[PDB]
Amino acid sequence: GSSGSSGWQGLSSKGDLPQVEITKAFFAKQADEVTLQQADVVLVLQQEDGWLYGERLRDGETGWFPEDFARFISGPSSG
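Residue 33 in the working numbering sits at position 33 of the sequence shown, and the numbers go up by one each step.
Written as structure tokens, this is what we have:
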């Protein structure tokens, strides 16, 4: 299959939310900040001029992550 598991299905709200790839690890210092790795994926949840909140698809950790440490894959389209 694709990795085992034993818990809840998930239960989360999301669709086409914005995603950014962490160019470099982002060691969380605060209690709101989440630790990210290089070339990671985080589902943005709340965009705050300065900090971008999301949930790491890795484990599902939801914290605050700066853009400087990520690259908007697709969101602010042009067309």
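Quick reminder that beta carbons are idealized off the backbone N, C-alpha and C, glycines included.
Taking the CA atoms as reference points, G79 sits about 42 Å from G7. Judged by beta-carbon spacing, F72 lies beyond the 9 Å limit of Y53, meaning their Cβ atoms are not closer than that value.
Distances from the alpha-carbon of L17 to those of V44, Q9, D59 and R56 put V44 closest. Secondary-structure assignment with DSSP links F72 through a beta bridge to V20. Collapsing the DSSP output to three states places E33 in a strand.
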